[PDB]
Structure formats: structure tokens, C-alpha cells
$ cat coords.json   # JSON, C-alpha atoms
[["chain", "number", "residue", "atom", "x", "y", "z"],
["A", 1, "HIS", "CA", -229.10, 74.27, 91.53],
["A", 2, "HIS", "CA", -230.58, 75.73, 94.71],
["A", 3, "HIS", "CA", -232.81, 78.70, 95.53],
["A", 4, "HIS", "CA", -233.15, 78.87, 99.31],
["A", 5, "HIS", "CA", -233.18, 82.67, 99.53],
["A", 6, "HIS", "CA", -235.09, 84.03, 102.52],
["A", 7, "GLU", "CA", -236.76, 86.58, 100.24],
["A", 8, "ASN", "CA", -239.75, 85.43, 98.18],
["A", 9, "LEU", "CA", -237.97, 85.32, 94.82],
["A", 10, "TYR", "CA", -238.96, 83.42, 91.68],
["A", 11, "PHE", "CA", -235.56, 82.71, 90.15],
["A", 12, "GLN", "CA", -235.57, 79.61, 87.94],
["A", 13, "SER", "CA", -232.88, 76.93, 88.02],
["A", 14, "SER", "CA", -232.75, 76.94, 84.22],
["A", 15, "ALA", "CA", -232.26, 80.70, 84.31],
["A", 16, "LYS", "CA", -229.48, 80.20, 86.85],
["A", 17, "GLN", "CA", -227.91, 77.69, 84.46],
["A", 18, "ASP", "CA", -228.07, 80.21, 81.63],
["A", 19, "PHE", "CA", -226.62, 82.79, 84.01],
["A", 20, "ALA", "CA", -223.68, 80.53, 84.87],
["A", 21, "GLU", "CA", -223.03, 80.01, 81.16],
["A", 22, "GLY", "CA", -223.18, 83.76, 80.57],
["A", 23, "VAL", "CA", -220.64, 84.37, 83.34],
["A", 24, "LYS", "CA", -218.24, 81.79, 81.92],
["A", 25, "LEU", "CA", -218.51, 83.45, 78.51],
["A", 26, "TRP", "CA", -217.85, 86.81, 80.15],
["A", 27, "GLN", "CA", -214.79, 85.35, 81.87],
["A", 28, "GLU", "CA", -213.57, 84.16, 78.48],
["A", 29, "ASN", "CA", -214.20, 87.64, 77.09],
["A", 30, "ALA", "CA", -212.21, 89.12, 79.98],
["A", 31, "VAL", "CA", -209.23, 86.99, 78.97],
["A", 32, "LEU", "CA", -209.68, 87.69, 75.26],
["A", 33, "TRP", "CA", -210.00, 91.43, 75.89],
["A", 34, "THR", "CA", -206.93, 91.42, 78.12],
["A", 35, "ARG", "CA", -204.96, 89.86, 75.27],
["A", 36, "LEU", "CA", -206.58, 92.30, 72.83],
["A", 37, "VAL", "CA", -205.16, 95.19, 74.85],
["A", 38, "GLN", "CA", -201.74, 93.53, 74.77],
["A", 39, "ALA", "CA", -202.01, 93.23, 70.99],
["A", 40, "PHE", "CA", -203.23, 96.82, 70.80],
["A", 41, "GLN", "CA", -200.13, 97.98, 72.69],
["A", 42, "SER", "CA", -197.91, 96.00, 70.32],
["A", 43, "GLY", "CA", -199.85, 97.43, 67.39],
["A", 44, "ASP", "CA", -201.08, 94.03, 66.19],
["A", 45, "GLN", "CA", -204.46, 95.06, 64.79],
["A", 46, "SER", "CA", -204.88, 91.73, 63.01],
["A", 47, "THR", "CA", -205.08, 89.84, 66.31],
["A", 48, "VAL", "CA", -207.25, 92.57, 67.83],
["A", 49, "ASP", "CA", -209.76, 92.28, 64.98],
["A", 50, "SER", "CA", -209.85, 88.49, 65.33],
["A", 51, "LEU", "CA", -210.41, 88.84, 69.08],
["A", 52, "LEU", "CA", -213.15, 91.40, 68.51],
["A", 53, "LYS", "CA", -214.96, 88.82, 66.38],
["A", 54, "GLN", "CA", -214.75, 86.34, 69.26],
["A", 55, "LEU", "CA", -215.74, 88.99, 71.79],
["A", 56, "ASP", "CA", -218.75, 90.00, 69.69],
["A", 57, "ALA", "CA", -219.82, 86.39, 69.20],
["A", 58, "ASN", "CA", -219.71, 85.69, 72.94],
["A", 59, "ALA", "CA", -221.46, 88.97, 73.72],
["A", 60, "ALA", "CA", -224.33, 87.90, 71.47],
["A", 61, "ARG", "CA", -224.34, 84.44, 73.06],
["A", 62, "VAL", "CA", -224.62, 85.96, 76.53],
["A", 63, "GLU", "CA", -227.24, 88.44, 75.32],
["A", 64, "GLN", "CA", -229.42, 85.50, 74.30],
["A", 65, "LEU", "CA", -228.84, 83.76, 77.63],
["A", 66, "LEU", "CA", -229.80, 86.93, 79.50],
["A", 67, "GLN", "CA", -232.96, 87.27, 77.41],
["A", 68, "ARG", "CA", -233.84, 83.69, 78.37],
["A", 69, "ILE", "CA", -233.37, 84.64, 82.02],
["A", 70, "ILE", "CA", -235.68, 87.62, 81.50],
["A", 71, "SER", "CA", -238.23, 85.47, 79.67],
["A", 72, "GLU", "CA", -238.28, 82.79, 82.37],
["A", 73, "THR", "CA", -237.54, 84.75, 85.54],
["A", 74, "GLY", "CA", -237.64, 88.42, 84.58],
["A", 75, "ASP", "CA", -234.35, 89.40, 86.20],
["A", 76, "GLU", "CA", -233.91, 93.16, 85.91],
["A", 77, "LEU", "CA", -230.18, 92.73, 86.48],
["A", 78, "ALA", "CA", -230.01, 90.49, 83.41],
["A", 79, "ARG", "CA", -231.65, 93.29, 81.44],
["A", 80, "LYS", "CA", -229.08, 95.75, 82.77],
["A", 81, "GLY", "CA", -226.24, 93.37, 81.90],
["A", 82, "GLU", "CA", -227.79, 92.78, 78.48],
["A", 83, "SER", "CA", -227.63, 96.48, 77.59],
["A", 84, "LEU", "CA", -223.98, 96.52, 78.66],
["A", 85, "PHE", "CA", -223.19, 93.62, 76.33],
["A", 86, "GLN", "CA", -225.23, 95.23, 73.56],
["A", 87, "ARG", "CA", -223.19, 98.42, 73.98],
["A", 88, "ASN", "CA", -219.97, 96.41, 73.87],
["A", 89, "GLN", "CA", -221.14, 94.85, 70.61],
["A", 90, "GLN", "CA", -221.57, 98.36, 69.22],
["A", 91, "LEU", "CA", -218.14, 99.35, 70.52],
["A", 92, "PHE", "CA", -216.59, 96.27, 68.91],
["A", 93, "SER", "CA", -217.84, 97.42, 65.52],
["A", 94, "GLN", "CA", -216.68, 100.93, 66.39],
["A", 95, "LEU", "CA", -213.17, 99.59, 66.95],
["A", 96, "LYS", "CA", -213.35, 97.75, 63.63],
["A", 97, "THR", "CA", -214.00, 101.05, 61.85],
["A", 98, "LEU", "CA", -211.41, 102.94, 63.89],
["A", 99, "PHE", "CA", -208.69, 100.37, 63.20],
["A", 100, "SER", "CA", -209.65, 100.34, 59.53],
["A", 101, "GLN", "CA", -209.15, 104.11, 59.55],
["A", 102, "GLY", "CA", -206.02, 103.79, 61.68],
["A", 103, "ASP", "CA", -207.35, 105.86, 64.58],
["A", 104, "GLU", "CA", -205.79, 103.96, 67.48],
["A", 105, "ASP", "CA", -206.08, 107.04, 69.69],
["A", 106, "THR", "CA", -209.88, 106.94, 69.70],
["A", 107, "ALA", "CA", -209.81, 103.14, 69.69],
["A", 108, "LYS", "CA", -207.98, 103.31, 73.02],
["A", 109, "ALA", "CA", -210.75, 105.48, 74.45],
["A", 110, "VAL", "CA", -213.31, 102.99, 73.15],
["A", 111, "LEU", "CA", -211.43, 100.14, 74.81],
["A", 112, "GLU", "CA", -211.49, 102.13, 78.04],
["A", 113, "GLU", "CA", -215.26, 102.45, 77.72],
["A", 114, "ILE", "CA", -215.50, 98.70, 77.12],
["A", 115, "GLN", "CA", -213.40, 98.11, 80.23],
["A", 116, "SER", "CA", -215.80, 100.15, 82.36],
["A", 117, "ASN", "CA", -218.70, 98.22, 80.84],
["A", 118, "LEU", "CA", -217.04, 94.93, 81.77],
["A", 119, "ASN", "CA", -216.67, 96.24, 85.32],
["A", 120, "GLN", "CA", -220.38, 97.09, 85.39],
["A", 121, "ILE", "CA", -221.17, 93.63, 84.04],
["A", 122, "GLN", "CA", -219.08, 92.12, 86.83],
["A", 123, "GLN", "CA", -221.21, 94.09, 89.29],
["A", 124, "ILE", "CA", -224.34, 92.72, 87.62],
["A", 125, "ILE", "CA", -222.92, 89.21, 87.94],
["A", 126, "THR", "CA", -222.12, 89.69, 91.62],
["A", 127, "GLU", "CA", -225.52, 91.14, 92.51],
["A", 128, "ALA", "CA", -227.36, 88.60, 90.36],
["A", 129, "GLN", "CA", -225.63, 85.81, 92.27],
["A", 130, "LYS", "CA", -226.84, 87.41, 95.50],
["A", 131, "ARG", "CA", -230.43, 87.31, 94.27],
["A", 132, "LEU", "CA", -230.18, 83.81, 92.81]]
$ encode --input "coords.json" --output "C-alpha cells"
Amino acid sequence: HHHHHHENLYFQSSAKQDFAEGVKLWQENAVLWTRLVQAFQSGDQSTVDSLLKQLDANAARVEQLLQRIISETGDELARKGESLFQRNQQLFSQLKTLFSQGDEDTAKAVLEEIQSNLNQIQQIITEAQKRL
């Protein structure tokens, strides 16, 4: 890893490593969520639920990685991203309830919220890379 930024920044290479791992997990989540939406459209809640479990697991994994970045470096962007993943975790359990009830209408709206969160996370990733 390299940190040759012209600004006096204290980003750690081990934090950058954790960041890279978090991004890869997010990329996986992006694929899993994309498929989730496809399953949602087809009405296959059983696949959706399974994917939500994977999405939640990865979200927690990234959360931990971001906390490590905060602990070592103190990246405010990691904190921002963390809260977005934490919200997604909440929304994943919200979907679980909604699909258990059968309320796909609201579940759609929740998925839309998750989408916008993923977009914000992408922005965090982009800007974090700039600072790294």
C-alpha cells in the first residue's frame, strides 16, 4: 500500500487494507442485492430472505472493518459509511418482517431506501479512496 498524498494525512496501510476488504464485500452485496430485486420481482421471497441473510452478514463484516479503520486512523468517512451499513442492517430485518407479513408494497419502498444507501456508500468509498 502507498500513502503519498500531498496533504498531511495519517491514513494507515492496515486501515487501507480493511477498507479494500470492505469495498469488495460491498461489491458482493451490490450483486446479491441486484439478484434480490430480481427475485423480488418474480415474487421469490425465499431467495430474497436467503440473500438478506448474506447481505446482513457482509454488512456486519464491513461495519467491523470500518470500526477498525476508525480505531487506527479515525476516518470520518468510514464512520459515515458505517452508519449507512448499520441502517441497511435494520432495513434487512424490516424486510424480513414485511415479507413475513406479505407486505411487498412497503418492502419495495424499503429496498429503494437501501438502494439510495448503497449509492451513498459508493460515494463514501470514492471519497475515502481520494483521501487514502
$ closest_atom_pairs --input "coords.json" --of "segment 8-28 of chain A" --to "segment 109-118 of chain A" --cutoff "12 Å" --atoms "all atoms listed in the file" --output "CSV"
residue,atom,partner,partner_atom,distance
A:23,CA,A:118,CA,11.3
A:26,CA,A:118,CA,8.3
A:27,CA,A:118,CA,9.8
A:28,CA,A:118,CA,11.8
$ residues_around --input "coords.json" --residues "residue 125 of chain A" --least-positions-apart "4" --cutoff "9 Å" --atoms "all atoms listed in the file" --output "short mmCIF file (atom, residue, chain, number, x, y, z; two decimals) with C-alpha atoms, keeping the file's coordinate frame"
data_model
loop_
_atom_site.label_atom_id
_atom_site.label_comp_id
_atom_site.auth_asym_id
_atom_site.auth_seq_id
_atom_site.Cartn_x
_atom_site.Cartn_y
_atom_site.Cartn_z
CA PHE A 19 -226.62 82.79 84.01
CA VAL A 23 -220.64 84.37 83.34
CA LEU A 77 -230.18 92.73 86.48
CA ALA A 78 -230.01 90.49 83.41
CA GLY A 81 -226.24 93.37 81.90
CA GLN A 120 -220.38 97.09 85.39
CA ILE A 121 -221.17 93.63 84.04
CA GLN A 129 -225.63 85.81 92.27
CA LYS A 130 -226.84 87.41 95.50
#
$ residues_around --input "coords.json" --residues "residue 92 of chain A" --least-positions-apart "6" --cutoff "8 Å" --atoms "all atoms listed in the file" --output "PDB file with C-alpha atoms, keeping the file's coordinate frame"
ATOM      1  CA  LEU A  52    -213.150  91.400  68.510  1.00  0.00           C
ATOM      2  CA  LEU A  55    -215.740  88.990  71.790  1.00  0.00           C
ATOM      3  CA  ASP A  56    -218.750  90.000  69.690  1.00  0.00           C
TER       4      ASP A  56
END
$ residues_around --input "coords.json" --residues "residue 89 of chain A" --least-positions-apart "2" --cutoff "9 Å" --atoms "all atoms listed in the file" --output "PyMOL selection string"
chain A and resi 52+55-57+59-60+84-87+91-94
$ residues_around --input "coords.json" --residues "residue 69 of chain A" --least-positions-apart "5" --cutoff "10 Å" --atoms "only C-alpha atoms" --output "list in words"
residues 11, 12, 13, 14, 15, 16, 17, 18, 19, 63, 64, 74, 75, 76, 77, 78 and 79 of chain A
$ axis_aligned_box --input "coords.json" --around "segment 32-47 of chain A" --padding-each-side "3 Å" --output "lines of an AutoDock Vina configuration file"
center_x = -204.0
center_y = 92.8
center_z = 70.6
size_x = 18.1
size_y = 16.3
size_z = 21.1
$ closest_residue --input "coords.json" --among "A:101, A:62, A:96, A:108" --to "residue 50 of chain A" --atoms "all atoms listed in the file"
A:96
$ closest_residue --input "coords.json" --among "A:70, A:80, A:32, A:40" --to "residue 123 of chain A" --atoms "only C-alpha atoms"
A:80
$ atom_distance --input "coords.json" --atom1 "atom CA of residue 107 of chain A" --atom2 "atom CA of residue 58 of chain A"
20.3 Å
$ closest_residue --input "coords.json" --among "A:127, A:105, A:99, A:65" --to "residue 20 of chain A" --atoms "all atoms listed in the file"
A:65
$ decode --input "coords.json" --residues "segment 7-27 of chain A" --atoms "N, CA, C and O atoms" --output "PDB file, in the first residue's frame"
ATOM      1  N   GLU A   7      -1.398  16.146   1.116  1.00  0.00           N
ATOM      2  CA  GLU A   7      -1.936  16.633   2.380  1.00  0.00           C
ATOM      3  C   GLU A   7      -1.458  15.780   3.548  1.00  0.00           C
ATOM      4  O   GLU A   7      -1.360  14.558   3.437  1.00  0.00           O
ATOM      5  N   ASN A   8      -1.161  16.431   4.668  1.00  0.00           N
ATOM      6  CA  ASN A   8      -0.639  15.740   5.840  1.00  0.00           C
ATOM      7  C   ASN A   8      -1.703  14.858   6.479  1.00  0.00           C
ATOM      8  O   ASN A   8      -2.355  15.254   7.445  1.00  0.00           O
ATOM      9  N   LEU A   9      -1.877  13.658   5.933  1.00  0.00           N
ATOM     10  CA  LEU A   9      -2.895  12.735   6.418  1.00  0.00           C
ATOM     11  C   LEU A   9      -2.265  11.512   7.070  1.00  0.00           C
ATOM     12  O   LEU A   9      -1.159  11.105   6.712  1.00  0.00           O
ATOM     13  N   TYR A  10      -2.975  10.928   8.031  1.00  0.00           N
ATOM     14  CA  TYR A  10      -2.423   9.850   8.843  1.00  0.00           C
ATOM     15  C   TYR A  10      -3.170   8.544   8.603  1.00  0.00           C
ATOM     16  O   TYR A  10      -3.466   7.805   9.542  1.00  0.00           O
ATOM     17  N   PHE A  11      -3.470   8.263   7.339  1.00  0.00           N
ATOM     18  CA  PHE A  11      -4.135   7.021   6.967  1.00  0.00           C
ATOM     19  C   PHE A  11      -3.177   5.839   7.043  1.00  0.00           C
ATOM     20  O   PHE A  11      -2.073   5.887   6.502  1.00  0.00           O
ATOM     21  N   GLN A  12      -3.606   4.779   7.718  1.00  0.00           N
ATOM     22  CA  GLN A  12      -2.764   3.606   7.919  1.00  0.00           C
ATOM     23  C   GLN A  12      -2.945   2.599   6.790  1.00  0.00           C
ATOM     24  O   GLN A  12      -4.021   2.495   6.205  1.00  0.00           O
ATOM     25  N   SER A  13      -1.883   1.859   6.489  1.00  0.00           N
ATOM     26  CA  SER A  13      -1.913   0.876   5.412  1.00  0.00           C
ATOM     27  C   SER A  13      -2.782  -0.320   5.783  1.00  0.00           C
ATOM     28  O   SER A  13      -3.373  -0.962   4.915  1.00  0.00           O
ATOM     29  N   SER A  14      -2.854  -0.614   7.077  1.00  0.00           N
ATOM     30  CA  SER A  14      -3.709  -1.686   7.572  1.00  0.00           C
ATOM     31  C   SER A  14      -5.176  -1.277   7.544  1.00  0.00           C
ATOM     32  O   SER A  14      -6.059  -2.111   7.347  1.00  0.00           O
ATOM     33  N   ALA A  15      -5.430   0.012   7.743  1.00  0.00           N
ATOM     34  CA  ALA A  15      -6.769   0.563   7.580  1.00  0.00           C
ATOM     35  C   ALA A  15      -7.192   0.560   6.116  1.00  0.00           C
ATOM     36  O   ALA A  15      -8.347   0.280   5.794  1.00  0.00           O
ATOM     37  N   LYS A  16      -6.251   0.873   5.233  1.00  0.00           N
ATOM     38  CA  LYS A  16      -6.496   0.812   3.798  1.00  0.00           C
ATOM     39  C   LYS A  16      -6.810  -0.610   3.352  1.00  0.00           C
ATOM     40  O   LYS A  16      -7.664  -0.828   2.493  1.00  0.00           O
ATOM     41  N   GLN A  17      -6.114  -1.576   3.942  1.00  0.00           N
ATOM     42  CA  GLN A  17      -6.378  -2.985   3.671  1.00  0.00           C
ATOM     43  C   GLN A  17      -7.789  -3.371   4.093  1.00  0.00           C
ATOM     44  O   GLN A  17      -8.512  -4.029   3.346  1.00  0.00           O
ATOM     45  N   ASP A  18      -8.175  -2.960   5.296  1.00  0.00           N
ATOM     46  CA  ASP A  18      -9.527  -3.195   5.788  1.00  0.00           C
ATOM     47  C   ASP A  18     -10.561  -2.497   4.915  1.00  0.00           C
ATOM     48  O   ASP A  18     -11.640  -3.034   4.665  1.00  0.00           O
ATOM     49  N   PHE A  19     -10.225  -1.297   4.454  1.00  0.00           N
ATOM     50  CA  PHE A  19     -11.079  -0.567   3.524  1.00  0.00           C
ATOM     51  C   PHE A  19     -11.306  -1.362   2.245  1.00  0.00           C
ATOM     52  O   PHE A  19     -12.444  -1.543   1.810  1.00  0.00           O
ATOM     53  N   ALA A  20     -10.219  -1.835   1.647  1.00  0.00           N
ATOM     54  CA  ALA A  20     -10.297  -2.603   0.409  1.00  0.00           C
ATOM     55  C   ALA A  20     -11.185  -3.829   0.578  1.00  0.00           C
ATOM     56  O   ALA A  20     -11.965  -4.170  -0.311  1.00  0.00           O
ATOM     57  N   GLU A  21     -11.061  -4.490   1.724  1.00  0.00           N
ATOM     58  CA  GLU A  21     -11.886  -5.652   2.031  1.00  0.00           C
ATOM     59  C   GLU A  21     -13.352  -5.266   2.174  1.00  0.00           C
ATOM     60  O   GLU A  21     -14.242  -5.998   1.740  1.00  0.00           O
ATOM     61  N   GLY A  22     -13.598  -4.111   2.783  1.00  0.00           N
ATOM     62  CA  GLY A  22     -14.956  -3.608   2.951  1.00  0.00           C
ATOM     63  C   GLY A  22     -15.602  -3.304   1.605  1.00  0.00           C
ATOM     64  O   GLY A  22     -16.781  -3.587   1.395  1.00  0.00           O
ATOM     65  N   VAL A  23     -14.822  -2.728   0.698  1.00  0.00           N
ATOM     66  CA  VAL A  23     -15.311  -2.401  -0.637  1.00  0.00           C
ATOM     67  C   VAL A  23     -15.694  -3.660  -1.406  1.00  0.00           C
ATOM     68  O   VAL A  23     -16.743  -3.711  -2.048  1.00  0.00           O
ATOM     69  N   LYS A  24     -14.836  -4.672  -1.338  1.00  0.00           N
ATOM     70  CA  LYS A  24     -15.091  -5.938  -2.013  1.00  0.00           C
ATOM     71  C   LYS A  24     -16.364  -6.594  -1.492  1.00  0.00           C
ATOM     72  O   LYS A  24     -17.144  -7.155  -2.260  1.00  0.00           O
ATOM     73  N   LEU A  25     -16.568  -6.518  -0.181  1.00  0.00           N
ATOM     74  CA  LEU A  25     -17.784  -7.034   0.436  1.00  0.00           C
ATOM     75  C   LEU A  25     -19.008  -6.251  -0.021  1.00  0.00           C
ATOM     76  O   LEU A  25     -20.072  -6.824  -0.255  1.00  0.00           O
ATOM     77  N   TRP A  26     -18.851  -4.938  -0.145  1.00  0.00           N
ATOM     78  CA  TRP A  26     -19.912  -4.085  -0.668  1.00  0.00           C
ATOM     79  C   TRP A  26     -20.249  -4.446  -2.110  1.00  0.00           C
ATOM     80  O   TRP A  26     -21.419  -4.505  -2.487  1.00  0.00           O
ATOM     81  N   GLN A  27     -19.217  -4.687  -2.910  1.00  0.00           N
ATOM     82  CA  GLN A  27     -19.403  -5.092  -4.298  1.00  0.00           C
ATOM     83  C   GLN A  27     -20.174  -6.402  -4.392  1.00  0.00           C
ATOM     84  O   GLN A  27     -21.054  -6.557  -5.239  1.00  0.00           O
TER      85      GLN A  27
END
